[PDB]
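Have a look at the structure below before the remarks.
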Amino acid sequence: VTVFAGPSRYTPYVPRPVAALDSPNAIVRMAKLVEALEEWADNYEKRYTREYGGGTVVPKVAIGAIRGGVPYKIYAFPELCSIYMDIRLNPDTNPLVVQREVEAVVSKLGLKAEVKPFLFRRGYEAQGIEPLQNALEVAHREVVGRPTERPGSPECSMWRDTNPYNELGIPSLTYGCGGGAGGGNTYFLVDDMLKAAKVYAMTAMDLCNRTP
Amino acid sequence: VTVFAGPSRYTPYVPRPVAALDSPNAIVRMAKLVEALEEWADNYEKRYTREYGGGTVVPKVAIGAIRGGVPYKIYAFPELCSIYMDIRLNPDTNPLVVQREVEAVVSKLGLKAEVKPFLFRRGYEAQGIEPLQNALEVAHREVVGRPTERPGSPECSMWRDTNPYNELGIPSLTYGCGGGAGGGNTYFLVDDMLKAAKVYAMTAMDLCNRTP
Amino acid sequence: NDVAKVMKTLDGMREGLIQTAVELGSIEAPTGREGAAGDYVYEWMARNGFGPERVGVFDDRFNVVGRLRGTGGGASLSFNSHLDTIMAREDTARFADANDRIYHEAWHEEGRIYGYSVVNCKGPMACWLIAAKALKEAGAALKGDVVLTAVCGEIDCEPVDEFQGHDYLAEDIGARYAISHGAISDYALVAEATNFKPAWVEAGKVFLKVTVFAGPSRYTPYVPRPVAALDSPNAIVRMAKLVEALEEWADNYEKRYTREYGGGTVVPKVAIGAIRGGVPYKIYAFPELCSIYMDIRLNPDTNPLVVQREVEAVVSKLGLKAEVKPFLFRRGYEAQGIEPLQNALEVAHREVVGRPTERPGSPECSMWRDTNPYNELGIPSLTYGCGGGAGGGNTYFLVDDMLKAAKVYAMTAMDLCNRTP
Ligand SMILES: N[C@@]1(O)CC=C([N+](=O)[O-])C=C1C(=O)O
Ligand SMILES: N[C@@]1(O)CC=C([N+](=O)[O-])C=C1C(=O)O
Ligand SMILES: [Zn+2]
């Protein structure tokens with residue numbers, strides 16, 4: 001998201017006072033836009049929260065980076081300033097809908113900005129997961145000693161390489177020991193690692209002996 | 001000026017809603033600080049305006065760059081964000097006074113930040129300029145045909161290489177034909193230029209025949 | 001109170017003081033190759049948690065600036081010493097006794113630390129590094145910051161003629177560069193070996209290249225003889241007479257421009273530091289020009305041009321034709337508003353050393369110190385430290401003196417940094 005402003009001036013010529021949204025300094029305008037997008041992000045995850053058999057997706061938003069101007073030439077403020085947004089998508093949301101929503105936030109502030117996608121990947125709920133799900137559930141109940149619970153929302157609201165497998169028709173789920181790094185956890189119990197290894201081994205001995 | 005926040009989280013784990021000043025995203029906090037600093041900048045140029053024989057200095061402030069996170073890894077928001085401020089000084093203001101004012105702005109918002117100076121140069125009013133000022137004025141009155149006009153504040157409130165001459169005890173003033181590219185001018189009348197070249201030559205024919 | 005705790009801490013740091021000074025002092029760091037010395041100081045500041053930054057024009061010749069952050073609302077104080085040392089292992093053009101151990105090594109023996117590189121200036125540097133360490137580790141309460149500034153290129157080397165750039169630069173890339181790029185504070189103490197005598201005036205300088213012209217050159221079998229020296233077609237012979245005239249001028253120059261300030265008495269001196277005429281590998285025809293290079297100190301109130309004109313008048317009186325070309329000019333300053341630092345220092349000193357500070361001799365007020373860049377930039381600055389002067393020149397520090405200096409530095413900071421700016 002790149003906000004435009006200007007014209008740039010050598011600092012000794014900068015016009016003041018000027019209201020934030022009118023500032024010739026794109027950085028100053030972008031500061032107000034950041035606040036609007038934080039508000040949009042607060043509600044976005046609520047609006048696109050969606051329950052699936054495979055987990056409950058809570059798609060979140062964050063502003064991951066910002067840059068405007070360059071630190072080794074700061075005597076004239078910049079006419080443009082960019083932020084870079086990470087917007088998670090539930091599997092049923094078209095990226096263009098989201099782009100439009102962000103463009104709408106921009107126009108409501110009355111700002112001129114380019115809203116440009118530079119990454120889009122789809123999320124998937126596995127189809128036909130039952131044989132693996134079952135092989136896993138049996139091994140898990142046996143090794144860990146209790147039925148599985150549904151995963152926390154963050155853990156099925158992220159990127160994992162189940163997406164590429166499911167995309168390519170290979171039903172895939174994610175499972176392992178320990179809290180999520182993104183959470184984030186710092187260590188594994190060797191005991192848990194052993195359980196996981198046993199669950200994996202048992203799952204294979206079951207599933208790999210069923211007929212394709 | 002580097003604002004601290006955190007802890008960083010993978011986007012699917014970001015806590016919301018959180019009040020801007022309390023956001024774990026340093027970029028969001030910085031957006032708030034930019035507002036306050038703009039307000040401070042508006043008053044700073046008022047409070048430190050100062051009249052000198054050689055011009056009236058209106059020292060201005062601008063935010064010339066911002067950066068937080070990096071564009072190519074945006075999946076976890078940054079725990080720090082930095083802006084780079086250009087703060088002009090009248091010749092009689094100690095940079096530490098200014099640093100401490102900026103630090104006060106930060107503190108009043110309840111924010112944790114490092115305010116780090118990375119450049120300091122003094123400005124000067126020429127001392128003992130009279131012989132040059134007069135030799136110039138005489139040549140100018142002849143060539144341009146009227147008394148010199150006092151210069152606009154921006155032209156007295158910027159950086160010029162008169163500063164190092166004056167610093168080193170060589171009385172120095174700035175003078176030439178044209179509108180200030182600061183500013184925003186983009187052309188020179190050849191006639192004006194020829195007038196300037198005449199003023200310069202006359203200024204020298206006078207001054208360089210003064211005995212030291 | 002806090003003072004007593006810090007004094008105790010410093011008492012227990014003698015071994016760190018010795019080791020730091022000897023390790024630093026052992027690093028070859030002639031002006032031009034101070035990089036390794038800077039690296040050591042950077043890593044020392046980093047280990048001790050002073051958050052150092054390399055602040056430099058070149059990546060292998062830089063200043064190191066660290067910080068002990070105060071709690072807020074107090075005056076900040078810089079401590080400063082330089083990383084470069086005098087003797088390059090190659091300097092046999094200057095000194096007959098090149099590469100004697102004292103010029104290139106540093107070692108502890110019998111409560112002494114020997115080495116010219118210790119006297120100038122790793123010893124005083126170690127003193128305030130230790131002082132800063134003690135302040136931090138004792139948890140001394142300081143409202144203001146202590147700025148820790150180790151600078152490259154303090155020594156009076158300068159580019160000239162074909163000797164340009166990276167290898168020959170010094171003061172332009174040193175202290176003034178460090179301060180201009182962030183190492184600012186309310187006050188600054190420059191740690192140099194002054195035998196516990198404080199100075200807050202120093203000289204400026206103008207370097208002149210004086211080139212006498214003569215000619216026409218002749219192949220030796222054709223040289224005209226006899227000819228009066230001043231009329232000699234050989235510029236070297238004419239220069240010989242000029243050198244004597246300039247020595248006479250120099251003799252009186254220092255008297256005429258002697259000047260007593262509050263911060264000390266400046267006696268500005270003159271020396272002829274180099275000469276060259278012709279080239280040694282082609283001597284069959286004498287040269288039509290010959291150049292000397294003059295070091296002329298300036299009291300703070302002398303314009304370089306006045307001096308240039310005076311030297312031009314010496315030339316003219318001899319009836320010679322010469323070019324008198326300045327290739328260096330720096331101003332000297334008397335500190336202004338030095339009192340809070342002067343007083344905190346005086347109090348610390350009287351306590352630690354036991355008697356009032358004695359007034360510095362003229363030479364230590366009539367040279368280049370990095371107090372000039374500080375004062376130039378509005379940071380009132382004086383010079384103070386243990387040991388007989390390097391230009392004296394002393395060859396070792398008493399470890400006891402070094403410790404006193406460290407204590408004086410620590411107390412000075414605990415006083416000044418708790419005053420309101
Ligand atoms: N003093 C400067 O050269 C520096 C910077 C700009 N500028 O922002 O384009 C203009 C100047 C000017 O007035 O010439
Ligand atoms: N999907 C990841 O591997 C990538 C990114 C992070 N992270 O930013 O902490 C966590 C993941 C995880 O633990 O599943
Ligand atoms: Zn020294």
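Going through the structure tokens in order, the chains are called A, B, and so on, while each chain numbers its residues from 1 and the ligands are numbered from 1 in the order shown.
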Give as a PyMOL selection string the residues surrounding ligand 1 up to a distance of 6 Å, considering only C-alpha atoms and all ligand atoms. (chain A and resi 10+76) or (chain B and resi 159-160+180-182)
Keeping N, CA and C atoms for every residue in the selection just given, could you write it to a file as a PDB file, in the first residue's frame?
ATOM      1  N   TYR A  10      12.680  20.838   0.596  1.00  0.00           N
ATOM      2  CA  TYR A  10      13.807  21.036   1.501  1.00  0.00           C
ATOM      3  C   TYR A  10      13.252  21.502   2.840  1.00  0.00           C
ATOM      4  N   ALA A  76      14.759  16.261   2.587  1.00  0.00           N
ATOM      5  CA  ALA A  76      13.524  16.579   1.871  1.00  0.00           C
ATOM      6  C   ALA A  76      12.545  15.437   2.043  1.00  0.00           C
TER       7      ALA A  76
ATOM      8  N   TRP B 159      21.087  25.037   5.247  1.00  0.00           N
ATOM      9  CA  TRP B 159      22.523  24.845   5.267  1.00  0.00           C
ATOM     10  C   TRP B 159      23.135  25.518   4.043  1.00  0.00           C
ATOM     11  N   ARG B 160      24.198  26.290   4.246  1.00  0.00           N
ATOM     12  CA  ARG B 160      24.993  26.815   3.139  1.00  0.00           C
ATOM     13  C   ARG B 160      26.447  26.713   3.540  1.00  0.00           C
ATOM     14  N   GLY B 180      14.850  30.021  -5.257  1.00  0.00           N
ATOM     15  CA  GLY B 180      15.427  28.907  -4.523  1.00  0.00           C
ATOM     16  C   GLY B 180      14.862  27.540  -4.871  1.00  0.00           C
ATOM     17  N   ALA B 181      15.730  26.646  -5.340  1.00  0.00           N
ATOM     18  CA  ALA B 181      15.338  25.281  -5.687  1.00  0.00           C
ATOM     19  C   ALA B 181      15.029  24.450  -4.443  1.00  0.00           C
ATOM     20  N   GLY B 182      14.215  24.998  -3.548  1.00  0.00           N
ATOM     21  CA  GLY B 182      14.016  24.404  -2.236  1.00  0.00           C
ATOM     22  C   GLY B 182      12.623  23.958  -1.798  1.00  0.00           C
TER      23      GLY B 182
END
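Summary of the local environment: counting only C-alpha atoms, residues at most 7 Å from residue 239 of chain C, other than itself and those fewer than 3 positions away along its chain, are residues 212, 235, 236, 242, 243 and 290 of chain C.
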Show me which residues line ligand 2, defined as having an atom within 10 Å of a ligand atom where only C-alpha atoms and all ligand atoms count, and present them as a PDB file with C-alpha atoms, in the first residue's frame.
ATOM      1  CA  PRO A 154      -4.043 -20.000  14.885  1.00  0.00           C
ATOM      2  CA  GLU A 155      -2.694 -23.421  14.011  1.00  0.00           C
ATOM      3  CA  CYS A 156      -5.229 -23.825  11.228  1.00  0.00           C
ATOM      4  CA  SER A 157      -5.215 -20.181  10.210  1.00  0.00           C
ATOM      5  CA  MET A 158      -1.629 -20.031   9.053  1.00  0.00           C
ATOM      6  CA  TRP A 159       0.491 -21.245   6.183  1.00  0.00           C
ATOM      7  CA  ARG A 160       1.526 -24.888   6.327  1.00  0.00           C
ATOM      8  CA  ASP A 161       2.604 -27.203   3.581  1.00  0.00           C
ATOM      9  CA  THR A 174      -0.703 -31.362  10.093  1.00  0.00           C
ATOM     10  CA  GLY A 178       4.771 -29.073  21.235  1.00  0.00           C
ATOM     11  CA  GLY A 179       3.420 -25.548  21.229  1.00  0.00           C
ATOM     12  CA  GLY A 180       3.658 -23.465  18.060  1.00  0.00           C
ATOM     13  CA  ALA A 181       6.842 -21.446  17.514  1.00  0.00           C
ATOM     14  CA  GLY A 182       4.665 -18.603  16.221  1.00  0.00           C
ATOM     15  CA  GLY A 183       2.997 -18.676  19.628  1.00  0.00           C
ATOM     16  CA  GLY A 184       5.614 -19.084  20.635  1.00  0.00           C
ATOM     17  CA  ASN A 185       7.084 -22.117  22.347  1.00  0.00           C
TER      18      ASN A 185
ATOM     19  CA  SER B   8       6.598  -9.930  17.566  1.00  0.00           C
ATOM     20  CA  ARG B   9       4.125 -12.602  16.531  1.00  0.00           C
ATOM     21  CA  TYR B  10       3.422 -14.614  13.407  1.00  0.00           C
ATOM     22  CA  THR B  11       0.384 -12.914  11.817  1.00  0.00           C
ATOM     23  CA  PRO B  12      -2.081 -15.696  12.741  1.00  0.00           C
ATOM     24  CA  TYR B  13      -1.227 -15.058  16.412  1.00  0.00           C
ATOM     25  CA  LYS B  73       9.737 -10.745   5.376  1.00  0.00           C
ATOM     26  CA  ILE B  74       6.398  -9.405   6.575  1.00  0.00           C
ATOM     27  CA  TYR B  75       4.820 -12.404   8.267  1.00  0.00           C
ATOM     28  CA  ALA B  76       5.810 -11.193  11.734  1.00  0.00           C
ATOM     29  CA  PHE B  77       5.389  -7.536  12.613  1.00  0.00           C
TER      30      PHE B  77
END
Write down, as a ChimeraX atom specification, each residue of chain B that has any atom within 9 Å of an atom of chain C, counting only C-alpha atoms. /B:94-97,100,116-122,167-169,212
Those residues with C-alpha atoms, as a short mmCIF file (atom, residue, chain, number, x, y, z; two decimals), in the first residue's frame please?
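For reference, again_35.cif as written:
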data_model
loop_
_atom_site.label_atom_id
_atom_site.label_comp_id
_atom_site.auth_asym_id
_atom_site.auth_seq_id
_atom_site.Cartn_x
_atom_site.Cartn_y
_atom_site.Cartn_z
CA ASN B 94 22.30 23.44 21.61
CA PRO B 95 21.34 20.17 19.88
CA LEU B 96 20.91 18.51 23.26
CA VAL B 97 18.12 20.95 24.13
CA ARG B 100 15.55 16.49 25.14
CA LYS B 116 19.68 9.13 18.81
CA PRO B 117 21.47 12.07 17.23
CA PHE B 118 23.41 11.06 14.13
CA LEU B 119 24.28 14.49 12.82
CA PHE B 120 25.13 17.86 14.34
CA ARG B 121 26.42 20.97 12.62
CA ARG B 122 26.38 24.51 13.96
CA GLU B 167 33.19 28.74 11.54
CA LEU B 168 36.80 29.04 10.40
CA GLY B 169 36.91 32.82 10.82
CA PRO B 212 44.60 43.48 4.96
#
Leaving out residue 406 of chain C and any residue of its chain fewer than 6 positions from it, which residues lie within 9 Å of it when counting only C-alpha atoms, given as a PyMOL selection string? chain C and resi 10+124+126-132+385
Produce as a list in words the set of residues near ligand 3, where near means within 10 Å with only C-alpha atoms and all ligand atoms considered. residues 81, 82, 83, 84, 85, 86, 117, 118, 119, 120, 121, 122, 124, 154, 155, 156, 190, 191, 192, 193, 194, 368, 369, 370, 389, 390 and 391 of chain C
Closest to chain A among B:19, B:139, B:65, B:83, using only C-alpha atoms? B:65
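Relative to atom CA of residue 136 of chain B, atom CA of residue 166 of chain B is found at 17.1 Å.
In this model, the gap between atom CA of residue 51 of chain C and atom CA of residue 66 of chain C comes to 5.5 Å.
When DSSP reads the backbone of this structure, the residues of segment 95-207 of chain C it assigns to strand (DSSP E) are residues 107, 108, 109, 112, 113, 114, 146, 147, 148, 149, 150, 151, 187, 188, 189, 190, 204, 205, 206 and 207 of chain C.
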Could you tell me, as a ChimeraX atom specification, which residues of segment 146-268 of chain C DSSP assigns to alpha helix (DSSP H) when given the backbone? /C:175-180,235-256
